[PDB]
Amino acid sequence: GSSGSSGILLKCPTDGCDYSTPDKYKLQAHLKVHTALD
Ligand SMILES: [Zn+2]
């Protein structure tokens with residue numbers, strides 16, 4: 001990665017995952033990738 005102006009990062013709680021985002025609702029929309037599949 002690299003440095004720059006952004007918010008505080010939130011992280012995925014799931015085992016073997018590496019995802020992070022500055023938004024709480026983008027994170028909830030990512031938790032659906034582990035709790036459901038289509
Ligand atoms: Zn994840």
# chains A, B, ... in the order shown; residues from 1 in each chain; ligands from 1
$ select_by_dssp --residues "chain A" --states "alpha helix (DSSP H)" --output "VMD selection string"
chain A and resid 24 to 35
$ write_last_selection --atoms "N, CA and C atoms" --output "PDB file, in the first residue's frame"
ATOM      1  N   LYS A  24     -18.660   2.009   7.430  1.00  0.00           N
ATOM      2  CA  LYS A  24     -19.368   0.958   8.189  1.00  0.00           C
ATOM      3  C   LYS A  24     -20.403   0.181   7.363  1.00  0.00           C
ATOM      4  N   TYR A  25     -21.063   0.819   6.397  1.00  0.00           N
ATOM      5  CA  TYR A  25     -22.078   0.195   5.545  1.00  0.00           C
ATOM      6  C   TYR A  25     -21.441  -0.572   4.379  1.00  0.00           C
ATOM      7  N   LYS A  26     -20.300  -0.102   3.846  1.00  0.00           N
ATOM      8  CA  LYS A  26     -19.492  -0.889   2.890  1.00  0.00           C
ATOM      9  C   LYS A  26     -18.957  -2.170   3.544  1.00  0.00           C
ATOM     10  N   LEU A  27     -18.571  -2.111   4.825  1.00  0.00           N
ATOM     11  CA  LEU A  27     -18.166  -3.295   5.590  1.00  0.00           C
ATOM     12  C   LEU A  27     -19.332  -4.274   5.794  1.00  0.00           C
ATOM     13  N   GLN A  28     -20.519  -3.807   6.196  1.00  0.00           N
ATOM     14  CA  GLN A  28     -21.722  -4.657   6.300  1.00  0.00           C
ATOM     15  C   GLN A  28     -22.074  -5.326   4.962  1.00  0.00           C
ATOM     16  N   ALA A  29     -21.995  -4.580   3.858  1.00  0.00           N
ATOM     17  CA  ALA A  29     -22.164  -5.114   2.504  1.00  0.00           C
ATOM     18  C   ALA A  29     -21.085  -6.155   2.117  1.00  0.00           C
ATOM     19  N   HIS A  30     -19.884  -6.090   2.706  1.00  0.00           N
ATOM     20  CA  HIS A  30     -18.853  -7.123   2.569  1.00  0.00           C
ATOM     21  C   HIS A  30     -19.102  -8.341   3.479  1.00  0.00           C
ATOM     22  N   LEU A  31     -19.649  -8.189   4.694  1.00  0.00           N
ATOM     23  CA  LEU A  31     -19.983  -9.342   5.558  1.00  0.00           C
ATOM     24  C   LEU A  31     -20.967 -10.310   4.872  1.00  0.00           C
ATOM     25  N   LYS A  32     -21.877  -9.783   4.038  1.00  0.00           N
ATOM     26  CA  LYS A  32     -22.800 -10.568   3.193  1.00  0.00           C
ATOM     27  C   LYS A  32     -22.091 -11.513   2.209  1.00  0.00           C
ATOM     28  N   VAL A  33     -20.827 -11.251   1.855  1.00  0.00           N
ATOM     29  CA  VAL A  33     -19.998 -12.132   1.006  1.00  0.00           C
ATOM     30  C   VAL A  33     -19.579 -13.425   1.725  1.00  0.00           C
ATOM     31  N   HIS A  34     -19.614 -13.420   3.062  1.00  0.00           N
ATOM     32  CA  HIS A  34     -19.296 -14.563   3.922  1.00  0.00           C
ATOM     33  C   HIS A  34     -20.554 -15.278   4.447  1.00  0.00           C
ATOM     34  N   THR A  35     -21.622 -14.538   4.772  1.00  0.00           N
ATOM     35  CA  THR A  35     -22.872 -15.103   5.324  1.00  0.00           C
ATOM     36  C   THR A  35     -23.852 -15.619   4.258  1.00  0.00           C
TER      37      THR A  35
END
$ residues_near_ligand --ligand "ligand 1" --cutoff "6 Å" --atoms "only C-alpha atoms and all ligand atoms" --output "short mmCIF file (atom, residue, chain, number, x, y, z; two decimals) with N, CA, C and O atoms, in the first residue's frame"
data_model
loop_
_atom_site.label_atom_id
_atom_site.label_comp_id
_atom_site.auth_asym_id
_atom_site.auth_seq_id
_atom_site.Cartn_x
_atom_site.Cartn_y
_atom_site.Cartn_z
N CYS A 12 -12.57 -6.51 8.24
CA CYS A 12 -13.39 -7.72 8.24
C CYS A 12 -13.00 -8.66 9.41
O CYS A 12 -11.81 -8.94 9.59
N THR A 14 -13.74 -11.88 9.66
CA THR A 14 -13.80 -13.28 9.19
C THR A 14 -12.41 -13.90 9.03
O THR A 14 -11.48 -13.25 8.54
N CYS A 17 -9.85 -13.81 5.68
CA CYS A 17 -10.15 -12.57 4.97
C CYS A 17 -9.10 -11.48 5.26
O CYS A 17 -8.39 -11.51 6.27
N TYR A 19 -9.95 -7.97 3.92
CA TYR A 19 -10.69 -6.77 3.52
C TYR A 19 -10.71 -5.67 4.59
O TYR A 19 -10.89 -5.94 5.79
N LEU A 31 -19.65 -8.19 4.69
CA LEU A 31 -19.98 -9.34 5.56
C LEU A 31 -20.97 -10.31 4.87
O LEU A 31 -20.84 -11.53 5.02
#
$ atom_distance --atom1 "atom CA of residue A:22" --atom2 "atom CA of residue A:38"
25.9 Å
$ select_by_dssp --residues "chain A" --states "strand (DSSP E or B)" --output "MDAnalysis selection string"
chainID A and resid 10:11 20:21
$ atom_distance --atom1 "atom CA of residue A:6" --atom2 "atom CA of residue A:23"
10.8 Å
